[PDB]
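**Student:** Structure incoming, see below.
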Amino acid sequence: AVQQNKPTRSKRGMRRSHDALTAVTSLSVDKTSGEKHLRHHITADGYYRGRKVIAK
Amino acid sequence: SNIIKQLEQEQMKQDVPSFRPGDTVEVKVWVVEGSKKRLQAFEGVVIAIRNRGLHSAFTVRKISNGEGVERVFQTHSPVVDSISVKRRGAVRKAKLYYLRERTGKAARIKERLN
Amino acid sequence: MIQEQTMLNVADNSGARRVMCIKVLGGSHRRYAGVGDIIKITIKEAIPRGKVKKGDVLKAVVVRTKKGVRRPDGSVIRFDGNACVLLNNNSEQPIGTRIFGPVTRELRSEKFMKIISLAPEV
Amino acid sequence: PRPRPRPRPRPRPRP
Amino acid sequence: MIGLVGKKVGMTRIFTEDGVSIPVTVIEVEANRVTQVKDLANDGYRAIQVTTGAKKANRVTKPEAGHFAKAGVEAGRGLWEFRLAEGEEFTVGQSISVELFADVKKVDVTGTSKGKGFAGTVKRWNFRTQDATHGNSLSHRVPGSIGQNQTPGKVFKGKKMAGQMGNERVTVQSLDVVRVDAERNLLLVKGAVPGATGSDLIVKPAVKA
Amino acid sequence: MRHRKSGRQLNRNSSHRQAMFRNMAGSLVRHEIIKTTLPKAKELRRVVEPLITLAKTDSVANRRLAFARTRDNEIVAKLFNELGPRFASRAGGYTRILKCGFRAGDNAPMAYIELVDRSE
RNA sequence: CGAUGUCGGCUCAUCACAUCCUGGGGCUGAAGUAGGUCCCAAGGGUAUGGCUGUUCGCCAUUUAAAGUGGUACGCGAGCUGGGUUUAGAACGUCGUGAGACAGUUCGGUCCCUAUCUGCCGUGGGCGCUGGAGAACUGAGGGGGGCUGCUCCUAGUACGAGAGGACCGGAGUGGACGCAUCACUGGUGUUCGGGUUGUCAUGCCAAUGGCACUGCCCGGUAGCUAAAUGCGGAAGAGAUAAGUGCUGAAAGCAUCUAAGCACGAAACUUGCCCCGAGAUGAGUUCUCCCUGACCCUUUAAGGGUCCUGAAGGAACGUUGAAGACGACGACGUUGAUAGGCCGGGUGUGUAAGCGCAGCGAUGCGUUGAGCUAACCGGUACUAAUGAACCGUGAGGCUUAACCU
RNA sequence: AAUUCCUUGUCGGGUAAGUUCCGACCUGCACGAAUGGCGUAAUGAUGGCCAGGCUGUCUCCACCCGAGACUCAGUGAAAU
RNA sequence: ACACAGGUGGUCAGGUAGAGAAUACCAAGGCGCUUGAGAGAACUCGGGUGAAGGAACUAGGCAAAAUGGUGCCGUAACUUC
RNA sequence: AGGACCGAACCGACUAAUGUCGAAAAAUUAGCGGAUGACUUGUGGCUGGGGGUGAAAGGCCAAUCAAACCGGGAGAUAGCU
């Protein structure tokens, strides 16, 4: 339940080796408006695959 | 799948009479005694029917000399010969499992005759 | 499907009416008994003029089960009550002379010929 | 800053 | 004796003329074509590599496409290798069909069983479930004790406890083949085989003859 | 162990789950577009589309069959009158899912679910 | 003694052989059957209940046997608190008394979110050195190895009779283990129907909400066993106890000293699974890259431009795959998921209308209506063109074959 | 026996089998008449036993519905 | 000690079913309880169901399961009646 | 009529589970006993430390009781750690 000796910075650091975040690195430019967005996601303006899908 | 279907449809017997639960049928099954290929009878009330193609089965409850005897029958199995129906009951339930606790006058049902 | 402490009805005129199965014979750690297995039982109820009395320890063979016995074609024959026929302890011959209720075709095993001959059905 | 309920004591024996 | 690669099409039953029902497993066995014949000069042992089925020619990689190019066969789904038992000898491109089992009576079917995921000690190892009553607290389906006191001081290797169950290569031996239907490329074997419907199955004649 | 099964539990019981798909389909039919999470929009396809398919044939019992669902006379009046003939040619696929990012509140994955419509 | 939880029970077991059974043999006051004793052999198995808190023990019924020990008299950061061993009370006894008695009886808080070692699974990184996609060999490791009953041999051998074989073969069972829903069932709060009380849809009707899914009746697919299939092997090598052939020392004799043949569920294989991180990093097939410039402490160096191919990764649709990772299928050159059509399945004669009945209600329409996860089809919707990683022929020495 | 060490004293009943229970036998270590003795209708969240019904207690678990456990976003301890 | 599943005296308490202030649904009125969204693994808690057996489990029928209302019939030993 | 019966408010805590760094420094859930009386409760008082009070447990006396709490003798003493 409790530890007998405290973990070091090594044991803490080697545990956090897999806690690093992952980048997206796959930004897709829009077909018509040419704005960056995620794959299979609409843009902030409301464009998806060139069509103004949201009209809002 | 269709591969299952062609293997099953060549084993299903075409001449199957259409019976509903509650119908008092008379089933003849092939019984063997070593060298005696006999055909004994089993008459009772149908309480459960499941029709899954070749795996079609129906349950017949018969009140023998004493307690009742339940026996299912594989419809397309070669062990059965005739599934000829005597009476046509008038019930409104697919599974008549409540007939197990009723006996005597409380277990009989009405004729359909529609 | 008969195990220990199971109540069984008596399907012959041996005197008992209502018994207790106390041991499933025929193998170590054997749980259940078939429609053709020998089991050691004891008698919990008997008629006044019976051949046996309450509390006798003797062998019996199950002839009817509520679970039922499955035929090789895929069908099953399920009864509404667990019945049995009392047997002598030394010899597997039955004690009674008349048998009430039907039995199964699986009972034909060259030692129960006296049983299936007195059976009124199947 | 409070203490603790103290570990539940076992039934003490005798000679 | 070599085997062939099939596919589980699910199960059904066969009604014989005497009335007894035989629970069978329909296993379609397509035209297994040999892609490469391993020899002792290069590989040190004799075996044949075959394939079955077909694949769309857009999702096959260039290393796999070039491997089938010199083999003279179309790209099938996956590859399997069967050891030659010193008697038979095959050529690259020779198609083997289901009629090879028309003379044998017992075969072994190998497939990847159904994955049960992370299963408990009761399900995976048939452990006896503890008391569900009589004061029992939070220990209904736990494995209980896993070792002795101080003297070993560790849990022995191979200890039966919870873990991944299923999705494993399982071989069922001595299965009686009922029918070998050549024109439908089917194979009916008595009993059940590992794996779900549609999964790949490796069927070979029984070594425990 | 969830083999061959279907239907999202959504960390809720059956009574509440049926209740919102009664309510959310009414919001989808009324406004012709709503904003919800991606798993909720996916499970909404199996509710609104059978209602639209029922709306393709106008009868007497079908209105009562479409009134036991969504429990409002306005939506069943919105059905069978304009949404019926507007989907009379298409055979299925009356809705459309469009991912629009994540919720600012708890990073819940949003998506826009709407009919194949609104070119008026 | 600045804490090592004590008995018994449940679950989980591990090891030794001074072996309970199965197996292989010697002697027998071993006729056979059944035994008595001793040697080898730990591969597997090695009870259910009444009483008692009991381990133990008595008894009943089985089994081939219901083995003896060690593992903190195994196992409470796995469970119980019945006994023992707190605080109350009571009985017998002791003491004037407070109280006490391995004398008895009633009742009486069992805490901990795992840091490390260990074990079960499952991943990321790097390495194996040009990179990548597959198929494998196989070191090594793990799993399993139990046996009853019946028949033939043969009522033969043996035996006065009663009885009654060895050897070999076949069938059928118990337990265990593996796999799967083709059959029988269970579940199936995502399907249908019955029905009670109440509220609502303006009201009848028809519905919906709640009351454990309100209570029930069945029940699709999946899962599951009580269900259904399979297995323990046969054989080979080396052997233990044991049996031997020939044969000297020791002119004989002698299983041994030389040599040679048998001989067990014990050992290695043979059956199944994992497995090249086996850093001893393996083998085979296939695919891709064959462009120029400077600096230089001119070294398997660094930097610039142009190209970054095979393939992988990412994203989305997703799966009888899965905690998350991971694995598998598809992504329009589409059947991957959702929707739709037909069917199947399940529940049971829907709503509305008409007729009969004072009414409840019954009949026709109607085996209708509704159908979940099933089967076969169908791009109707969502799986976007692209971007990202991954490069430009792959070090030194020696040997053999061509220049 | 709330009392008895020997003791699971002996007999009978109950159970196939009962160190528990019930009725007796007195061989009462160490019962006994207001620290009351023997019974007693009714009463008791009192102690022990038995019988019927009932059932996942159990043979032997299996499935399903929810709340956690698991993943993601925000805040964010503790014993040691 | 907390924006704490605890405690806190008195008054009103309607509709339907119901003997009832029980209980179930509602009126008036007030709330959805100050972390949410996914997945539907082992395991923990609250539950639902179940073949055949029915206490064989266990110290012990612990826990669960089961009975359950009105009217009428009828109801034993014993007893302080 | 009843220290009568069943059973709500109310009072109490017999069993089991959860909870045991809890929602809670003894509570919740599902069952329980009394529930017209030796009942329960509000308000205001009285009885106090070798003392009060006790249908009696050596229980309660402000979450502390085989002698409450606070201050003072007092830096009691400690052959012990």
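Labeling convention for the structure tokens: chains A, B, ... as they appear, residues from 1 per chain, ligands from 1 in order of appearance.
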Tell me which protein, DNA and RNA residues are within 8 Å of residue C:19, counting only C-alpha atoms (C1' of nucleotides), leaving out same-chain ones fewer than 3 positions away, and put them as a list in words.
**Tutor:** residues 7, 8, 9, 10, 16, 41, 42, 43, 44 and 45 of chain C
**Student:** Keeping N, CA, C and O atoms for every residue in the selection just given, could you write it to a file as an mmCIF file, in the first residue's frame?
**Tutor:**
data_model
loop_
_atom_site.group_PDB
_atom_site.id
_atom_site.type_symbol
_atom_site.label_atom_id
_atom_site.label_comp_id
_atom_site.auth_asym_id
_atom_site.auth_seq_id
_atom_site.Cartn_x
_atom_site.Cartn_y
_atom_site.Cartn_z
ATOM 1 N N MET C 7 -35.257 -35.797 -4.271
ATOM 2 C CA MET C 7 -36.454 -36.605 -4.081
ATOM 3 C C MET C 7 -36.821 -37.320 -5.371
ATOM 4 O O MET C 7 -36.835 -36.722 -6.450
ATOM 5 N N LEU C 8 -37.130 -38.606 -5.252
ATOM 6 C CA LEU C 8 -37.570 -39.402 -6.384
ATOM 7 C C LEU C 8 -38.886 -40.083 -6.048
ATOM 8 O O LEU C 8 -39.127 -40.479 -4.905
ATOM 9 N N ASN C 9 -39.738 -40.209 -7.057
ATOM 10 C CA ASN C 9 -40.953 -40.992 -6.928
ATOM 11 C C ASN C 9 -40.649 -42.449 -7.252
ATOM 12 O O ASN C 9 -39.689 -42.760 -7.962
ATOM 13 N N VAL C 10 -41.462 -43.344 -6.708
ATOM 14 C CA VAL C 10 -41.299 -44.777 -6.919
ATOM 15 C C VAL C 10 -42.265 -45.205 -8.013
ATOM 16 O O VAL C 10 -43.478 -44.993 -7.902
ATOM 17 N N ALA C 16 -42.651 -48.380 -1.171
ATOM 18 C CA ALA C 16 -42.278 -46.989 -0.966
ATOM 19 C C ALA C 16 -42.988 -46.093 -1.974
ATOM 20 O O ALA C 16 -43.372 -46.526 -3.063
ATOM 21 N N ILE C 41 -29.998 -45.249 -2.711
ATOM 22 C CA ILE C 41 -31.008 -44.352 -2.157
ATOM 23 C C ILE C 41 -31.414 -44.824 -0.768
ATOM 24 O O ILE C 41 -30.980 -45.887 -0.306
ATOM 25 N N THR C 42 -32.254 -44.037 -0.097
ATOM 26 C CA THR C 42 -32.896 -44.445 1.143
ATOM 27 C C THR C 42 -34.371 -44.075 1.065
ATOM 28 O O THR C 42 -34.762 -43.185 0.304
ATOM 29 N N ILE C 43 -35.189 -44.771 1.849
ATOM 30 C CA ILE C 43 -36.643 -44.659 1.777
ATOM 31 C C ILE C 43 -37.120 -43.700 2.860
ATOM 32 O O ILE C 43 -36.788 -43.867 4.040
ATOM 33 N N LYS C 44 -37.895 -42.690 2.456
ATOM 34 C CA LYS C 44 -38.457 -41.714 3.380
ATOM 35 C C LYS C 44 -39.952 -41.885 3.626
ATOM 36 O O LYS C 44 -40.461 -41.343 4.612
ATOM 37 N N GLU C 45 -40.666 -42.607 2.762
ATOM 38 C CA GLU C 45 -42.097 -42.830 2.934
ATOM 39 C C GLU C 45 -42.464 -44.174 2.317
ATOM 40 O O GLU C 45 -41.916 -44.564 1.283
#
**Student:** Write out as a list in words which residues come within 12 Å of residue G:267 when counting only C-alpha atoms (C1' of nucleotides), dropping same-chain ones fewer than 5 positions away.
**Tutor:** residues 41, 43, 237, 238, 239 and 240 of chain G
**Student:** Could you give me, as JSON lines, every chain G residue with an atom at most 9 Å from chain A, plus its closest atom pair and distance in Å to one decimal, counting only C-alpha atoms (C1' of nucleotides), rows ordered by chain then number?
**Tutor:**
{"residue": "G:77", "atom": "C1'", "partner": "A:1", "partner_atom": "CA", "distance": 6.8}
{"residue": "G:112", "atom": "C1'", "partner": "A:1", "partner_atom": "CA", "distance": 6.5}
{"residue": "G:113", "atom": "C1'", "partner": "A:1", "partner_atom": "CA", "distance": 8.0}
{"residue": "G:114", "atom": "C1'", "partner": "A:1", "partner_atom": "CA", "distance": 4.8}
{"residue": "G:115", "atom": "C1'", "partner": "A:3", "partner_atom": "CA", "distance": 4.3}
{"residue": "G:116", "atom": "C1'", "partner": "A:3", "partner_atom": "CA", "distance": 7.5}
{"residue": "G:124", "atom": "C1'", "partner": "A:18", "partner_atom": "CA", "distance": 7.1}
{"residue": "G:314", "atom": "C1'", "partner": "A:26", "partner_atom": "CA", "distance": 6.8}
{"residue": "G:315", "atom": "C1'", "partner": "A:39", "partner_atom": "CA", "distance": 5.6}
{"residue": "G:316", "atom": "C1'", "partner": "A:40", "partner_atom": "CA", "distance": 6.5}
{"residue": "G:384", "atom": "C1'", "partner": "A:49", "partner_atom": "CA", "distance": 6.0}
{"residue": "G:385", "atom": "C1'", "partner": "A:31", "partner_atom": "CA", "distance": 7.8}
{"residue": "G:386", "atom": "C1'", "partner": "A:28", "partner_atom": "CA", "distance": 7.1}
{"residue": "G:387", "atom": "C1'", "partner": "A:26", "partner_atom": "CA", "distance": 5.8}
{"residue": "G:388", "atom": "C1'", "partner": "A:26", "partner_atom": "CA", "distance": 6.0}
**Student:** Grab the residues selected above and save them as a PDB file, in the first residue's frame with C-alpha atoms (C1' of nucleotides).
**Tutor:**
ATOM      1  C1'   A G  77      -2.145  -5.787   2.807  1.00  0.00           C
ATOM      2  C1'   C G 112      -5.080  -0.250   4.055  1.00  0.00           C
ATOM      3  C1'   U G 113      -6.312   3.550  -3.426  1.00  0.00           C
ATOM      4  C1'   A G 114       0.394  -1.512  -4.550  1.00  0.00           C
ATOM      5  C1'   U G 115       6.201   2.080  -4.569  1.00  0.00           C
ATOM      6  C1'   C G 116       9.636  -2.052  -5.393  1.00  0.00           C
ATOM      7  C1'   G G 124       6.009   1.981 -26.585  1.00  0.00           C
ATOM      8  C1'   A G 314      -1.871   9.692 -39.217  1.00  0.00           C
ATOM      9  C1'   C G 315      -7.386  10.429 -40.157  1.00  0.00           C
ATOM     10  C1'   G G 316     -12.341   8.341 -40.966  1.00  0.00           C
ATOM     11  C1'   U G 384     -11.800  14.088 -49.151  1.00  0.00           C
ATOM     12  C1'   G G 385      -8.179  15.509 -53.015  1.00  0.00           C
ATOM     13  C1'   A G 386      -4.163  15.837 -50.292  1.00  0.00           C
ATOM     14  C1'   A G 387      -0.413  16.575 -46.351  1.00  0.00           C
ATOM     15  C1'   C G 388       3.445  13.532 -42.438  1.00  0.00           C
TER      16        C G 388
END
**Student:** Just want the 12 Å neighbourhood of stretch 7-10 of chain D, counted on only C-alpha atoms (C1' of nucleotides), with same-chain residues fewer than 5 positions away dropped. Output as a PyMOL selection string.
**Tutor:** (chain G and resi 3+5-6+85-87+109-112) or (chain J and resi 20)
**Student:** As a ChimeraX atom specification, which residues of chain E does DSSP assign to strand (DSSP E)?
**Tutor:** /E:4-15,21-28,32-38,47-52,77-83,95-96,106-112,117-119,163-165,169-179,188-190,200-205
**Student:** Compile the contact shell of stretch 23-31 of chain H as JSON, numbers by chain: residues with an atom at most 8 Å away, counting only C-alpha atoms (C1' of nucleotides), same-chain residues fewer than 4 positions apart removed.
**Tutor:** {"G": [92, 93], "H": [3, 4, 5, 10, 11]}
**Student:** Please, what distance in Å, to one decimal, runs between atom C1' of residue I:54 and atom CA of residue C:21?
**Tutor:**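 According to the coordinates, atom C1' of residue I:54 and atom CA of residue C:21 are separated by 12.6 Å.
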